[PDB]
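This document opens with one chain alone, in structure tokens, the form solved without its partner chain.
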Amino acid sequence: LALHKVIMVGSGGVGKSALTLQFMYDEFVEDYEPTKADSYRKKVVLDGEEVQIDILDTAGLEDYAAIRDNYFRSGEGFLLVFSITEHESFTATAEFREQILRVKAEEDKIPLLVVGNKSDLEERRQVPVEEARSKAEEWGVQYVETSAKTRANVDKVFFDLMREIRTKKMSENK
């Protein structure tokens, strides 16, 4: 059993928790769960391999001075999630990107995945999907569109992330 910890990193006020709920109950509902140290654990099969997945949502980390870094150093994988309706998200999210390597200066292969919610609004999309893939590709990841309201491809970023870890992280070569 491979216990992989995913950190919902982002700008600071997008909606990472949203994708967090959809992956847990596959249902769009507002309840707001207080976070401080409590994480979510469950078992899911991966191409014929049952591994553990620990999710830990992170609120506005743009408040703490360095306490925020802890949330990133407490996890192996990272998920940079932002919103298309908020051009401020994609920008701030870019800043955190560099912060990820800081907490993992000892590590080499750093698993990451970028995604943009609010995709349910193709008419209110300010950031072109193609433009988001190119910029994000620089970091070494693939960007995808998702809708926390349709819960269609929300789980895609969760499963794909883990797969990237078992392959890239365990590689330590390529």
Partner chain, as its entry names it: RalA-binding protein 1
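Residue numbers count along the first chain shown, from 1.
Quick note: we don't show the form solved in complex with its partner chain, though the next part is all about it.
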**Message:** For the interface check, one of 138-146, 33-41, 122-130, 108-116 should have non-hydrogen atoms within 4.5 Å of its partner chain in the deposited bound form; which one?
**Reply:** 33-41
**Asked** If you check in the deposited bound form, is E50 within 4.5 Å of its partner chain, heavy atoms only?
**Response** no
**Message:** How about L21 - does it come within 4.5 Å of its partner chain in the deposited bound form, if we only consider non-hydrogen atoms?
**Reply:** yes
**Request:** With heavy atoms only and a cut-off of 4.5 Å, decide whether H87 touches its partner chain in the deposited bound form.
**Result:** no
**Message:** Within 4.5 Å, heavy atoms only: does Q99 come near its partner chain in the deposited bound form?
**Reply:** no
